[PDB]
Amino acid sequence: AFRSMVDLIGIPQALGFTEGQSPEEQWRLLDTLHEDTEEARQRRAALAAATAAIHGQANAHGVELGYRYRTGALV
Amino acid sequence: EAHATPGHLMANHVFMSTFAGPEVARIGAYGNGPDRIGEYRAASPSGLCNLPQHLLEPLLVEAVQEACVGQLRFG
Amino acid sequence: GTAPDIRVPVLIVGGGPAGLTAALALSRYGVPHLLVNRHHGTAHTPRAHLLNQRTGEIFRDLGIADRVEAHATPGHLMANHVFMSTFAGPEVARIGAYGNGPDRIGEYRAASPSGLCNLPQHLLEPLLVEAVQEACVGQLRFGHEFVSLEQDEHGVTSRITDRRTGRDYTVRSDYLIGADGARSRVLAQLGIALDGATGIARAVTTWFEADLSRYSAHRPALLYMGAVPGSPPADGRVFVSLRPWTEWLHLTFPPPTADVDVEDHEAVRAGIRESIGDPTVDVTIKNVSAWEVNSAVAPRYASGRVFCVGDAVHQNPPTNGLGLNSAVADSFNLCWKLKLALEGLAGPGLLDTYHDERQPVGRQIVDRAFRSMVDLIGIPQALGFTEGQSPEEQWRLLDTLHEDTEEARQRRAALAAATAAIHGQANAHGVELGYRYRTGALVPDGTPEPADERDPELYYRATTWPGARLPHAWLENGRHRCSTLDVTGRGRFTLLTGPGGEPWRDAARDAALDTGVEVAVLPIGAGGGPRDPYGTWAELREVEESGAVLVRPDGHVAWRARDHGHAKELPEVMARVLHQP
Amino acid sequence: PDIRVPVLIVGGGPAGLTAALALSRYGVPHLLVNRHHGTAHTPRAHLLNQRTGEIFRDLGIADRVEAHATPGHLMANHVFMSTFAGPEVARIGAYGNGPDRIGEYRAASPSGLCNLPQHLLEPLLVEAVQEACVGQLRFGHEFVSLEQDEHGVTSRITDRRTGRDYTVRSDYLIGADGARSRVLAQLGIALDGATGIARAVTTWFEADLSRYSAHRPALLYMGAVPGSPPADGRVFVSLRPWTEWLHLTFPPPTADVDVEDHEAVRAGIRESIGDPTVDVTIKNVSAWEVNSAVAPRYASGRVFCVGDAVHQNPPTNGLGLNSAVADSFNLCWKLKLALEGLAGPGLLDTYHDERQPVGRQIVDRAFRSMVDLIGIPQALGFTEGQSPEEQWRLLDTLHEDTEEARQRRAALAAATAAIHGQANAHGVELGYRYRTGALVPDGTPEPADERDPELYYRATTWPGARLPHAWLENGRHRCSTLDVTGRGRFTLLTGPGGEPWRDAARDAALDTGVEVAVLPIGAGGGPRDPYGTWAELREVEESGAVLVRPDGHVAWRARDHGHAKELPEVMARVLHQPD
Ligand SMILES: Cc1cc2nc3c(=O)[nH]c(=O)nc-3n(C[C@H](O)[C@H](O)[C@H](O)COP(=O)(O)OP(=O)(O)OC[C@H]3O[C@@H](n4cnc5c(N)ncnc54)[C@H](O)[C@@H]3O)c2cc1C
Ligand SMILES: Cc1cc2nc3c(=O)[nH]c(=O)nc-3n(C[C@H](O)[C@H](O)[C@H](O)COP(=O)(O)OP(=O)(O)OC[C@H]3O[C@@H](n4cnc5c(N)ncnc54)[C@H](O)[C@@H]3O)c2cc1C
Ligand SMILES: [Cl-]
Ligand SMILES: [Cl-]
Ligand SMILES: [Cl-]
């Protein structure tokens, strides 16, 4: 749960959002994300990696069902 | 189950700007994506659902009062 | 030389699913036509019923998928394929079906915007008639019989009989579609003979009502295959769910020897009550129909200006339900090509690709449907069932199947092997959706065809390899959810591109100018066009952001290019796809 | 240029979205830009007349619109009252619901009238355009200026969120940008007629008024709070019977209107209702500057303006939105032919020649219908400087056996009769005829009679008229004459003996490059005319022809098969193709 909470800021960071930006500044970064620039190719890759980490909260099937007791009321 | 939101209405995890504005990213959630749905169906007789505590707690209380084996004292 | 009574761009002979699909496609493309159908009504019995994902996608293109879906049994009620004794007695085996099992469900949902569904022909044909009547582009004539044709360099002259009046008339068309079913009179007139054995069996099909929900709701299936204890393995009883759980077909396959009295509802009712194995179920017969099962495919699908579709060119047993689906996909392959030929934007080069693309598919479905038919007898054989056994002997073989002994462990294993072959008809995703055109209206890219170690009949593998069906991905146009297959097709060529694809505008514009054929450029993830919200399209397209995938009116891939450097190639490519001289 | 597209549409209101949807159905790539980020957020215009209904059937959205709209039978009356809870003043049948008009309304069109406000209609149009995926919508994008030359239009656009500027180069531009149109200003065209001729304050509100409304269903309830001057009318508009409403006032120009003073709007509405126990919830208050104005010109070079850009009027008659839809539907099939190179500026000039006189008509009619409203309370003997008690007295003595009371009775009956010009204006709504444009006169005189042609519709195939509705049957499929024509193509309707029209249609197709589909009715295995209605309305012989445009208006007709060789030449003149 802690690591999942920390993963959430990774999305807006991938988009190049920071403190001290105007609305227009952040709208511009949203719009430019799909351009054929190297800058835009990189943010696109950083977004994809930050998104993939959210599987650890959205589809964490081994955490939810796959825990196993290794000592206790068992032989 | 009669009261809970079913699994198919929790199908995505969405990253966006405003709710009315452009979206940023999306993944399948809670085993709804085609790459996880098979594993989630084979793993349990049960689905995932959404039922908040102000609705769940009264169901447990009613089931305990109906059994009349133990005694609840609130306050 | 005399004038013909009627002059029309296209004449369709036959108004079953293949001919009505052709009339609807030509209606959508605004091509006047005439269809003649010899029977006065549409199908009066269920016949073919299983609609696969590819048929779903073609009905989405033709704008009737919602009407079909409102009537059809949904895919989750077709969840199993069942083998049993009687309906009321012990079960023998079970597999997931039509992609409902956990091991297939994900691949099925990834592969298509459409599910599978069950809608019998007596309900599907009236929907197609209604959509054709509403468009009012072509004209239907039921009770009109095709007698004969001659063709030449410039057209086709057909003689037609009005069966009510007995009067004769003549139609002149640019092209003719043979959609006239098994024993195509149109195919005989062309001089094309089928290859494959004839009357390889008889099926008796009884359409009946009975409430069997007690024996079926806990194991929902399209098919429940039964064997009454005391019967030879070849005496299989097939129940087909048409309206869960009250309306049914019952199929038997009598010896090539015995007396089938289709009119003897007494004998048929008794047989069905025996197959049910509960004498307290009410059976109401609606129809009893004998049918001659063959397996045959035409070596040639076309001759000059005449092109045959559907059951005219391929016949097979009902196993796999490929017949109706393949009829729909045959007409959908042909009609956009005729639209281009009639507009003088293509010629016989493009029309020749109908036989080139669709005849190997005919060979494939007839082969697959035949092996599935033969697979069925493996189940009762694996149990130790044979000719000459009492009911009590066969009940003993079912009872002792679960014993701790060598004999039972071996029968158990033959049953598991016979059961697993049934995936060849219940989960044949690769046959249903994975067929690829290797020659026709496509330009190879130089890359080798995708391939892997999985059985290619069972498993579908999405690809943009030219010839293949365009991969499905969910897109979003503004807030409108739509497939890659919903923003392509619809009677036009589309060039799917991405960031850095601006070079493709000039190339499509030049291609349009040179061929006279519009190429709509559709940028995904760029130019304010549809978005790819999951990134699935980017993973499936097998080209770079700046490359292109060229999609035909029928949603198959004509060509693709890795990157924008190949833009200059597009005009020459379009000219070759259209086979323009 | 940054973008190259065949058609640029400026404005995503009803007119612009109708244009996008038509160009989408015709397969023509286009781009639409709309300065607001969203669709209409308030009801605004709401009455859909039968002609708009037919256009939405052609464009394939009529069922989606019908599923959400108020049906015609709940718009059965137009009511004049005191308070909503008090005594009624007068009542007429509305929108063809009255026994004396229902037969003509049902015979005239396969469509009824219905009520769907703009905040619900615009999203349906957007969804239809998004599903077709032929054009691109861009909300939050503002047209700044244009330049045109002999080959195209060059437009400057600002993305409002990024403040980024870009240029669009198009073959044609559609000015669909509403009142005070930036596009029409750029063409140097000034509207003719008055501006700020009044203010309307429109409150969108919720209140259960079924007790005062369900027994006399109406779209419009026009009230007068006793003790107020005639000009101080209160208009209730039913949006969801009988719980969702608009309330309109027309403040004097000297009065000061605070849109944000909800407590005061609410107090006025409770006063209009006359029952302080009804609970009112304000959803929205708007002040609207009302004009009556029409552009003397609708187009200039390759730029065409539609809808509120070229006409503005009071809301009386509800003609504004219906006219906007029919402006776009007139233009788009013409653009499709120009773009394919099968027609030129000559066809495109017929947009102005056909739609501009309709603009003049609807502005005139909406204006007279607004002036008519005050005749009701004037007929009652209401004036300024009367107490509530004095106006209650005039209402209660209306029915006395006096000279005085008989005369006001008669003035009320005359003022009420005039409201037929806005409640049952069937001739204005459906009966307009294009006298010059993409049509060839046949030399017959235009049908005319002594009935008021604003009130009465008269079905005709006289070239320029809308094709008459008749119910046909195609096999067992029920369909209008309007449903088997239009849909982006020219159609030639014929009957028995009409075979010579086939070769004439081939020859027209060869000469013009434009297909003419021949459709025989009651012959050749075509659609049947089960009642004989079409035979009665077509005003040609069995062997004659009616030539129908993509927009369902008649281009030409011929009495019999002797005229067949005229067709190739007629088509070339309809398309205004070069000599
Ligand atoms: C009795 C029967 C039962 C069947 N049951 C099954 C089943 O259970 N499962 C399954 O998968 N498949 C079944 N089939 C096959 C299935 O119906 C076809 O695969 C499917 O209908 C597609 O066929 P089609 O459109 O090519 O031809 P058809 O449906 O056979 O239609 C051809 C049409 O052309 C008409 N025709 C024939 N001669 C002429 C002429 N000279 N002029 C004009 N029209 C003419 C016929 O009247 C017919 O309407 C069955 C077929 C038959 C005949
Ligand atoms: C406040 C108000 C209230 C109304 N209420 C009623 C009523 O009660 N009854 C009635 O009958 N009629 C009413 N109408 C009139 C009715 O709304 C119009 O007749 C109808 O909307 C047809 O309009 P249209 O599509 O021509 O233009 P509009 O609905 O005005 O839409 C034009 C669009 O273009 C956009 N635009 C403007 N400039 C630019 C630019 N530079 N770039 C891009 N986009 C631009 C606008 O933002 C708007 O979305 C009202 C009008 C207004 C202004
Ligand atoms: Cl028959
Ligand atoms: Cl559909
Ligand atoms: Cl519709």
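So that the names make sense, note that chain A is the first sequence line, chain B the second, and so on, each numbered from 1. Both ligands and their constituent atoms are indexed starting at 1 by order of listing.
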Engineer: Closer than 4.0 angstrom: is that true for some heavy atom of D:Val10 and an atom of ligand 2?
Structural biologist: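 The answer is yes, since D:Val10 has a heavy atom less than 4.0 Å from ligand 2.
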Engineer: Where is the nearest protein heavy atom to atom 18 (C) of ligand 2: which residue, which atom, and how far?
Structural biologist: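 Going atom by atom, the protein heavy atom closest to atom 18 (C) of ligand 2 ends up being D:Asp308 OD2, 3.3 Å.
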Engineer: Can you check which of D:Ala324, D:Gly38, D:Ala15, D:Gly178 brings a heavy atom nearest to atom 27 (O) of ligand 2?
Structural biologist: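 Nearest heavy atom to atom 27 (O) of ligand 2 lies in D:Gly178.
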Engineer: Given 3.5 Å as the limit, does a donor-acceptor pair link the side chain of D:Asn291 with the main chain of D:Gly196, or not?
Structural biologist: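 Checking the backbone N and O of D:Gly196 against the side chain of D:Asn291, a donor-acceptor pair under 3.5 Å is found.
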Engineer: Could you work out, for atom 35 (C) of ligand 2, the closest of D:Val306, D:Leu32, D:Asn34 by heavy-atom distance?
Structural biologist: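 When every heavy atom of D:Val306, D:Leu32, D:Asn34 is considered, D:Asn34 comes closest to atom 35 (C) of ligand 2.
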Engineer: Please determine if D:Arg478 forms a cation-pi arrangement with D:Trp471, meaning its NZ or CZ atom is less than 6.0 Å from the six-membered ring centre and no more than 45° off the ring axis.
Structural biologist: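 Positive - D:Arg478 is close enough to the ring of D:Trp471 and near enough to its axis.
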Engineer: To which protein heavy atom is atom 44 (N) of ligand 2 closest, and what is the distance rounded to 0.1 Å?
Structural biologist: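 Sorting protein heavy atoms by distance from atom 44 (N) of ligand 2 puts D:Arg35 N, 3.0 Å first.
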Engineer: Distance to 0.1 Å, residue and atom name: give those for the protein heavy atom nearest to atom 40 (C) of ligand 2.
Structural biologist: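 Here the nearest protein heavy atom works out to D:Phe143 N, 3.7 Å.
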Engineer: Taking D:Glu54 as the fixed residue, which of D:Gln50, D:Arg57, D:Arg51 is the one that meets the side-chain hydrogen bond (donor to acceptor under 3.5 Å, both in side chains) rule?
Structural biologist: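 For D:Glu54, the side-chain hydrogen bond (donor to acceptor under 3.5 Å, both in side chains) check succeeds only for D:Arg51.
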Engineer: Specify side chain, backbone, both or neither for D:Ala176, according to which of its non-hydrogen atoms lie closer than 4.0 Å to ligand 2.
Structural biologist: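 The part of D:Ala176 near ligand 2 is the backbone, not the side chain.
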Engineer: Among all protein heavy atoms in this structure, tell me which lies nearest to atom 29 (O) of ligand 2, with the distance rounded to 0.1 Å.
Structural biologist: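 Nearest protein contact, heavy atoms only, for atom 29 (O) of ligand 2 is D:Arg44 NH2, 2.7 Å.
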Engineer: Is any NZ, NE, NH1 or NH2 atom of the basic residue among D:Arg182 and D:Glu142 found under 4.0 Å from an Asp or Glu carboxylate oxygen of the other?
Structural biologist: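 Yes, charged N to carboxylate O under 4.0 Å.
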Engineer: Counting only heavy atoms, tell me which of D:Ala45, D:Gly16, D:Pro14 gets closest to atom 12 (N) of ligand 2.
Structural biologist: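 Among D:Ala45, D:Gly16, D:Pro14, the closest heavy atom to atom 12 (N) of ligand 2 comes from D:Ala45.
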Engineer: Give me the nearest non-hydrogen protein atom to atom 34 (O) of ligand 2 as residue plus atom name, then the distance to 0.1 Å.
Structural biologist: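 Residue, atom and distance for the closest contact: D:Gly11 CA, 3.2 Å.
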Engineer: Using a 4.0 Å heavy-atom cut-off, which part of D:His141 comes near ligand 2: side chain, backbone, both, or neither?
Structural biologist: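 Contact part for D:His141 vs ligand 2: backbone (N, CA, C, O).
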